[PDB]
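Input: a single structure, listed below in structure tokens.
Only heavy atoms go into these numbers, but all of them, side chains included; no hydrogens, no water, no symmetry mates. Below, chain A is the first sequence line, B the second, and so on; all start at residue 1.
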Amino acid sequence: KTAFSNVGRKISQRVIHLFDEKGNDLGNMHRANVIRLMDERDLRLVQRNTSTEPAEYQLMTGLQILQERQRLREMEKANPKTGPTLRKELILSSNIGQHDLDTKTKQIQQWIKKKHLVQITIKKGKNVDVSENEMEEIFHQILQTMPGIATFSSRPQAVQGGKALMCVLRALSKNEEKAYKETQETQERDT
RNA sequence: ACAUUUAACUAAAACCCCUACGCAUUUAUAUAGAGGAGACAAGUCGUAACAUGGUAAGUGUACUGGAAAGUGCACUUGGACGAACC
Ligand SMILES: [K+]
Ligand SMILES: [K+]
Ligand SMILES: [K+]
Ligand SMILES: [Mg+2]
Ligand SMILES: [Mg+2]
Ligand SMILES: [Mg+2]
Ligand SMILES: [Mg+2]
């Protein structure tokens with residue numbers, strides 16, 4: 001996390017693009033001169049933008065820093081930003097028992113409702129001879145319990161030297177969800 | 001409920017009742033279906049226990065969880081704390 005607080009007296013860069021407490025642009029100056037300004041006016045230094053090639057810092061009072069920090073949290077409370085998608089992994093065996101496959105199927109369903117990406121890998125069972133067409137059937141068994149909830153983000157694909165398959169499931173988008181409801185309703189009208 | 005009659009110059013005859021047992025009661029067997037334990041064995045998912053077993057273990061109780069189990073509170077040592085001062 002990047003907090004909006006006083007940077008302190010030790011500045012990271014040597015050349016600093018400084019601004020005034022009222023927003024007036026003071027141009028670039030050496031950090032030694034900035035510390036002198038902070039002491040002469042009794043102000044604190046905050047970092048407004050870092051993407052710019054010349055580091056942009058601004059002088060502010062303790063009251064301004066509070067007002068900005070309050071403004072930012074209200075912007076998020078009102079317009080909360082979405083977080084990055086978390087990737088969950090599962091490694092199954094070809095000869096996985098049905099009771100255990102049901103346990104992991106219920107777990108995959110809970111990850112999809114939370115809008116996660118589920119990477120499912122299927123390896124050849126121990127002391128078992130299996131074909132890639134039979135291992136690929138487990139994916140459809142898993143995804144069949146989630147008719148209009150999940151779909152393939154990355155279809156089954158041999159990996160690890162052809163020993164194991166791998167796919168990535170995701171939650172259906174809102175447009176894809178309304179389409180499923182539409183197609184389902186059409187079948188209801190036909191039947 | 002039933003109630004002793006005849007007979008008696010030797011003495012004898014006569015006497016014969018009706019109500020219970022059931023859709024009651026006792027115990028057991030059979031049978032739809034639902035569970036438990038054990039044996040055989042060691043597939044499947046984990047790795048709970050045994051070493052400070054990788055969060056010391058356990059008891060009671062409560063709640064919770066695919067599964068061993070997890071967690072709270074009190075209790076136990078059937079754990080330990082390295083055994084002069086440093
Ligand atoms: K334990
Ligand atoms: K122990
Ligand atoms: K207990
Ligand atoms: Mg263990
Ligand atoms: Mg332990
Ligand atoms: Mg305990
Ligand atoms: Mg818990």
Side-chain angles (χ1 to χ4, degrees), chain A residues 1-10 12 46-47 50 65-66 68-191:
Chain A
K1 180 179 63 165
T2 303
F4 188 91
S5 293
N6 174 33
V7 177
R9 302 183 65 83
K10 178 164 183 170
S12 300
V46 297
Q47 191 172 21
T50 308
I65 296 168
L66 181 66
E68 183 64 34
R69 180 168 58 248
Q70 291 174 336
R71 162 183 166 189
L72 294 175
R73 72 161 177 267
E74 295 176 356
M75 294 163 51
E76 300 177 13
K77 288 171 180 176
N79 304 270
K81 179 176 179 178
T82 53
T85 58
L86 301 180
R87 196 188 198 90
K88 295 294 186 181
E89 301 179 3
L90 279 179
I91 301 168
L92 309 183
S93 295
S94 303
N95 57 334
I96 183 174
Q98 186 59 35
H99 171 77
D100 302 313
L101 182 59
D102 289 355
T103 299
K104 294 186 176 179
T105 298
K106 293 177 179 177
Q107 178 170 36
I108 293 165
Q109 294 172 356
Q110 294 173 339
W111 288 336
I112 296 291
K113 295 180 180 180
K114 291 186 177 180
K115 306 295 181 177
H116 294 157
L117 289 177
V118 185
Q119 185 189 277
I120 305 177
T121 301
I122 302 182
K123 305 189 174 182
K124 295 179 177 296
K126 187 177 184 179
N127 304 329
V128 168
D129 182 9
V130 63
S131 179
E132 297 186 4
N133 297 332
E134 192 175 12
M135 296 194 301
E136 186 173 356
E137 183 179 350
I138 295 171
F139 295 119
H140 299 114
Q141 293 178 356
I142 293 166
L143 195 62
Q144 187 170 7
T145 67
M146 294 178 291
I149 297 171
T151 185
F152 286 103
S153 177
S154 302
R155 295 196 62 83
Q157 181 176 1
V159 298
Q160 199 178 90
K163 296 187 294 180
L165 299 177
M166 192 223 70
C167 77
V168 183
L169 303 180
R170 61 165 192 174
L172 286 170
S173 179
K174 296 185 178 182
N175 297 333
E176 296 177 341
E177 187 180 23
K178 297 176 182 179
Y180 175 85
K181 293 166 178 173
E182 178 177 352
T183 56
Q184 189 180 6
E185 289 171 3
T186 55
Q187 297 177 353
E188 295 168 7
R189 280 168 282 181
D190 296 1
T191 60

If you measure from the [atom1] atom in [N] to the same atom in [M], how many Å do you get, rounded?
{"N": "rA67(B)", "M": "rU47(B)", "atom1": "P", "answer": "15 Å"}
{"N": "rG72(B)", "M": "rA80(B)", "atom1": "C1'", "answer": "25 Å"}
{"N": "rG79(B)", "M": "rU52(B)", "atom1": "P", "answer": "10 Å"}
{"N": "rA48(B)", "M": "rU71(B)", "atom1": "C1'", "answer": "15 Å"}
{"N": "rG65(B)", "M": "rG53(B)", "atom1": "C1'", "answer": "23 Å"}
{"N": "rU64(B)", "M": "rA68(B)", "atom1": "P", "answer": "15 Å"}

Using a cut-off of strictly less than 4.0 Å between a heavy atom of the residue and any atom of RNA chain B, enumerate the qualifying residues of residues 105-114 of chain A by number.
none
Syn or anti: how is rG78(B) classified when any glycosidic angle within 90° of 0 counts as syn?
syn
Here the pair of heavy atoms bringing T121(A) nearest to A164(A) is CG2-CB, 4.0 Å
Could you tell me if [N] and [M] pass the stacking criterion of ring centres under 5.5 Å and planes under 30°?
{"N": "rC17(B)", "M": "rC18(B)", "result": "yes"}
{"N": "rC50(B)", "M": "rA51(B)", "result": "no"}
{"N": "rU31(B)", "M": "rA32(B)", "result": "no"}
{"N": "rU4(B)", "M": "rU5(B)", "result": "no"}
{"N": "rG82(B)", "M": "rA83(B)", "result": "no"}

Sequence neighbours left out, what passes salt bridge (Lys or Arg N to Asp or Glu O under 4.0 Å) with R9(A)? Give chain and number order.
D39(A)
Test salt bridge (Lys or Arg N to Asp or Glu O under 4.0 Å) applied to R71(A) - qualifying residues, sequence neighbours left out
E68(A)
Judged by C1'-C2'-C3'-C4' (positive north, negative south), is the sugar of [N] north or south?
{"N": "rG79(B)", "answer": "north"}
{"N": "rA80(B)", "answer": "north"}
{"N": "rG65(B)", "answer": "north"}
{"N": "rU47(B)", "answer": "south"}
{"N": "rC18(B)", "answer": "north"}

For residues 92-105 of chain A, tabulate all N or O donor-acceptor pairs below 3.5 Å that involve a side-chain atom, not counting sequence neighbours.
unit_1	atom_1	unit_2	atom_2	d
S94(A)	OG	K123(A)	O	2.8
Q98(A)	NE2	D102(A)	OD1	2.8
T103(A)	OG1	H99(A)	O	3.0
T105(A)	OG1	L101(A)	O	2.6

Are the side chains of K124(A) and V128(A) in touch, meaning some heavy atoms are under 4.5 Å apart?
no
Enumerate, atom names and distances included, each donor-acceptor pair closer than 3.5 Å involving a side-chain atom of residues 108-116 of chain A, sequence neighbours excluded.
unit_1	atom_1	unit_2	atom_2	d
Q109(A)	NE2	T145(A)	OG1	3.2

Applying side chain to side chain donor-acceptor pair (under 3.5 Å) to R87(A) and not counting sequence neighbours gives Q119(A)
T151(A): side chain to side chain donor-acceptor pair (under 3.5 Å) partners, not counting sequence neighbours:
none
Expected list for residues 132-139 of chain A: side-chain donor-acceptor pairs under 3.5 angstrom, two or more places apart:
none

Let me know the distance between NE2 of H99(A) and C1' of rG65(B), rounded to the nearest Å.
12 Å
Might you list the N or O atoms of the protein lying below 3.5 Å from N or O atoms in nucleotides 43-45 of chain B, with each pair's distance?
unit_1	atom_1	unit_2	atom_2	d
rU44(B)	OP1	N95(A)	ND2	3.0
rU44(B)	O2'	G97(A)	N	3.0
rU44(B)	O2'	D100(A)	OD2	2.1
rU44(B)	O2	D100(A)	OD2	3.4
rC45(B)	OP1	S93(A)	OG	3.2
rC45(B)	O4'	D100(A)	OD1	3.3
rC45(B)	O4'	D100(A)	OD2	3.0
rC45(B)	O3'	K104(A)	NZ	3.4

Anything under 3.5 Å between a donor and an acceptor, one on a side chain of residues 182-191 of chain A, the other on a protein residue two or more places apart or in another chain? List them.
unit_1	atom_1	unit_2	atom_2	d
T183(A)	OG1	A179(A)	O	3.1
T183(A)	OG1	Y180(A)	O	2.8
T186(A)	OG1	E182(A)	O	3.4
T186(A)	OG1	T183(A)	O	2.4
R189(A)	NE	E185(A)	O	3.4
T191(A)	OG1	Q187(A)	O	2.7
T191(A)	OG1	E188(A)	O	3.4

Are there runs of at least three consecutive Watson-Crick or G-U pairs touching RNA chain B, with each pair's two distances under 3.5 angstrom? Give them by first number.
B:56-64 with B:69-77
All pairs passing side-chain hydrogen bond (donor to acceptor under 3.5 Å, both in side chains) where residues 152-176 of chain A contributes a residue, at least two apart
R170(A)-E176(A)
